[PDB]
Peer 1: 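Sending over a structure as structure tokens; questions will come in a sec.
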There are 2 protein chains.
Amino acid sequence: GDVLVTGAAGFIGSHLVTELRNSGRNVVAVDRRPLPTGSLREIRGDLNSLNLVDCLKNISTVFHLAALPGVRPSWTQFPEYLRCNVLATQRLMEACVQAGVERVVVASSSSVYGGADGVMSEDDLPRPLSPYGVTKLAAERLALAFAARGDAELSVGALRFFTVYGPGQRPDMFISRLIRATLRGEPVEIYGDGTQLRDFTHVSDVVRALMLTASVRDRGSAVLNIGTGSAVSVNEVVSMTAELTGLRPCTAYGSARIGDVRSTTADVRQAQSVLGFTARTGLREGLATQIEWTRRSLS
Amino acid sequence: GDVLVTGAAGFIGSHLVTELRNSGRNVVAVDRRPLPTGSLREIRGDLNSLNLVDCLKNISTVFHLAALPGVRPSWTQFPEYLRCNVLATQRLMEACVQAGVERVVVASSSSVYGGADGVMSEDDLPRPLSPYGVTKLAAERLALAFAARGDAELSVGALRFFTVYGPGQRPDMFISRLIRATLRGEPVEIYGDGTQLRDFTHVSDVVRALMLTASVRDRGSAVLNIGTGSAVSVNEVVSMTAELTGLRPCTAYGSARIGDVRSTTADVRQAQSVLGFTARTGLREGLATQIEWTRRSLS
Ligand SMILES: NC(=O)c1ccc[n+]([C@@H]2O[C@H](COP(=O)([O-])OP(=O)(O)OC[C@H]3O[C@@H](n4cnc5c(N)ncnc54)[C@H](O)[C@@H]3O)[C@@H](O)[C@H]2O)c1
Ligand SMILES: NC(=O)c1ccc[n+]([C@@H]2O[C@H](COP(=O)([O-])OP(=O)(O)OC[C@H]3O[C@@H](n4cnc5c(N)ncnc54)[C@H](O)[C@@H]3O)[C@@H](O)[C@H]2O)c1
Ligand SMILES: O=c1ccn([C@@H]2O[C@H](COP(=O)(O)OP(=O)(O)O[C@H]3O[C@H](CO)[C@@H](O)[C@H](O)[C@H]3O)[C@@H](O)[C@H]2O)c(=O)[nH]1
Ligand SMILES: O=c1ccn([C@@H]2O[C@H](COP(=O)(O)OP(=O)(O)O[C@H]3O[C@H](CO)[C@@H](O)[C@H](O)[C@H]3O)[C@@H](O)[C@H]2O)c(=O)[nH]1
């Protein structure tokens, strides 16, 4: 059957569209922004306005990536985060039940874990530290509640991504801003002392995990971390970018932002056992891919 | 300091207002519906429209009970459930940070557990089966995220209530409808075969738990079940009501409603250790209190 991707114009979504089409799948793309062997049908619209059942005609698999994804604006833009991240999810899942979609792969987030040292496992109680994390937890729990309805023949794979980077990374993210601070001298502010850590996951690995998750169809629903299990500090990413480029990143240290967790590290075990997924790209290699893409993109 | 109760016109809220005032506390009541030794100041308004910081002047303790509380309408009224249960909570917690409120006691729900046999413990992963349960989980996680902000001197006691009944019970609830089916012959539909079970908790016990929770001020935040640990089936409640009244309840069996969990039973241990709270009222005694109140109320 055909596949529908919400959020298809965005960072992860555009990579997923490419891989789906290269694999021979016909793709229906939904986004309110323009898109950058399988066919491609672009539907331009807001999930809260489109006739979603019409969009889901002959769709057997949905990848739900649309959302407002920034941690820090969520404190002061909460109506819009609720509308885009929770209400739109609820509408999409109802339409999936009505249209007889078989499987929905939902982008969730490591943000549901909140603050924790060391490994974040899918059996840990969620305790988001930001309103954004609350909305991603609500979206993933909504998806699971729809899959548990007695009238639905619907499974859900909810994927908790860990800070994704690479070619095309959204420009509000740290590595994208740092690379512009390096190649173009546009200063980046460091939010705190730079000792915060992230499990940075390359988008190519995330797209492989998304495809694997969609192919697990007879095992019910699942909640899985998608990450590398290796955390790197902000300061270390700055030093690596300086080393790779021979240009001094234009940085300025400022105050930590409330809502930012101090460290993330994925427990990678359950995705390996359920999907056969292990991340292949480490940060040193992946960072070079983003730097090279950004050069060519600016030229 | 003075205490503010949101949802003060409702079932649990009105009982809490009474006990707060009888205890000598000055109460500020907020609700968009009229209210049925401590003074009482009634503020009439919607939490999404009022100047909440103004309402919180000289308030040291907030009891957040306002919400749309029905499980079953939440599938088809989801915008309003998000607005009342999640957006209003976020606005209230921000105003609590800005106003320097010390402690917020939040009404959460056993609905966050979803479907589970046997005892529901606060260490179990939440898995709500209805959009209502998703909104209560979001409200309680929001409250905890605000309490964890570095700029807040704020603690949260989040109370997961188990199906509350007694004098004044909301008329959409089962025991209220059954009593009208008995005393007044207004038929009640049974949603399924009546073998579903609930941990029914008397409102007097819930109000005692609310007061105890507010008095724990130097131990940070807590998430606690408030229930009896004894589950009773719908059919057994029907037979008890018939026995107590000598009138045949006017019932009609119909189809189970999607979103209704099959059974609830509270793990009562953590509230006993943290609050010294143990429920005192069992269903046979409590059911008689509601029947007697309802007689006098109808006359
Ligand atoms: N990038 C990461 O590090 C990361 C980490 C964890 C989780 N996630 C999650 O992965 C998903 C994709 O993230 P991304 O970095 O690609 O974000 P992105 O902002 O690049 O892509 C999201 C897309 O969704 C669209 N969109 C938003 N609301 C919409 C609406 N109401 N209707 C139609 N389209 C709408 C946007 O136009 C955008 O193109 C998001 O759900 C996000 O929460 C991302
Ligand atoms: N009754 C139960 O069995 C039970 C069980 C678990 C949890 N809870 C929770 O306990 C709390 C109280 O439940 P209840 O049975 O007393 O419900 P209720 O409906 O009787 O009381 C809720 C009150 O909140 C008010 N309200 C709703 N939205 C408002 C808004 N935007 N602004 C101002 N006021 C608003 C309503 O007018 C109403 O009086 C709710 O948070 C509910 O989710 C109740
Ligand atoms: O200009 C900036 C931007 C970010 N940071 C810091 O860099 C780290 C990473 O920030 P960023 O790349 O913006 O990603 P996160 O805020 O960690 O969020 C990403 O990863 C989260 C967890 O996976 C997802 O929930 C989010 O949607 C996704 O944006 C954090 O410690 C920030 O405090 C700075 O110092 N300066
Ligand atoms: O007309 C009716 C109403 C209810 N029921 C059944 O009676 C049980 C109890 O229903 P009700 O008294 O409406 O309470 P719940 O739906 O269990 O919800 C209450 O208890 C939940 C868990 O504590 C809270 O989350 C909710 O806010 C609160 O309304 C359920 O099995 C219903 O299916 C019927 O058979 N007929």
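Chain letters run A, B, ... following the sequence lines, proteins first, then strands; residues in each count from 1. Note that these values count all heavy atoms, side chains included, but never hydrogens, waters or copies made by symmetry.
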Peer 1: Check the surroundings of atom CZ in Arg217(B): do more than 12 heavy atoms from other residues, nucleotides or ligands lie under 6.0 Å from it?
Peer 2: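 Correct, the count exceeds 12.
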Peer 1: Most heavy-atom pairs under 4.5 angstrom with chain B, which of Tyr81(A), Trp75(A), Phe146(A)?
Peer 2: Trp75(A)
Peer 1: Would you mind telling me which of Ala148(B), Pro126(B), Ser130(B) has the largest number of heavy-atom pairs within less than 4.5 Å of chain A?
Peer 2: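 Of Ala148(B), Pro126(B), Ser130(B), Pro126(B) has the most heavy-atom pairs under 4.5 Å with chain A.
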Peer 1: By side chain to side chain contact (heavy atoms under 4.5 Å, CB included), which residues pair with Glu153(B), not counting sequence neighbours?
Peer 2: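 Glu153(B) satisfies side chain to side chain contact (heavy atoms under 4.5 Å, CB included) with no other residue.
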Peer 1: Near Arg44(B) CZ, under 6.0 Å, is it more than 12 heavy atoms from other residues, nucleotides or ligands?
Peer 2: yes
Peer 1: Tell me, for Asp124(A) versus chain B, whether the close heavy atoms (under 4.5 Å) come from the side chain, the backbone, both or neither.
Peer 2: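 Backbone of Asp124(A) only, per the 4.5 Å heavy-atom cut-off to chain B.
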Peer 1: Which bit of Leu137(A) is near chain B, if near means a heavy-atom gap under 4.5 Å: side chain, backbone, both or neither?
Peer 2: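 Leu137(A) touches chain B through side-chain heavy atoms alone.
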Peer 1: Which answer fits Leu142(B), side chain, backbone, both or neither, if we ask what part of it has an atom under 4.5 Å from a heavy atom of chain A?
Peer 2: both
Peer 1: Measure distances from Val86(A) to the heavy atoms of chain B and classify the residue's part below 4.5 Å as side chain, backbone, both or neither.
Peer 2: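 Both backbone and side chain.
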Peer 1: Could you pull out the closest heavy-atom pair between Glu122(A) and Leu125(B), with the gap in Å?
Peer 2: O-CD1, 3.8 Å
Peer 1: Return the CZ to CG distance between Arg127(B) and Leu144(A), rounded to the nearest 0.5 Å.
Peer 2: 4.5 Å
Peer 1: Indicate the atoms forming the closest heavy-atom contact of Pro128(B) with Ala145(A), along with that distance.
Peer 2: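 Shortest heavy-atom contact: O-CB, 3.4 Å.
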Peer 1: Counting heavy atoms not belonging to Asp123(B), are there more than 12 under 6.0 Å from its CG?
Peer 2: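 Atom CG in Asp123(B) is crowded, with more than 12 foreign heavy atoms closer than 6.0 Å.
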Peer 1: Enumerate, atom names and distances included, each donor-acceptor pair closer than 3.5 Å involving a side-chain atom of residues 87-94 of chain B, sequence neighbours excluded.
Peer 2:
residue: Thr89(B); atom: OG1; partner: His64(B); partner atom: NE2; Å: 2.9
residue: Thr89(B); atom: OG1; partner: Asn85(B); partner atom: O; Å: 2.8
residue: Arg91(B); atom: NH1; partner: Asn48(B); partner atom: OD1; Å: 3.0

Peer 1: Crowded around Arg269(B) CZ? As in, over 12 foreign heavy atoms under 6.0 Å?
Peer 2: no
Peer 1: For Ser74(B), is it the side chain, the backbone, both, or neither that has a heavy atom closer than 4.5 Å to a heavy atom of chain A?
Peer 2: neither
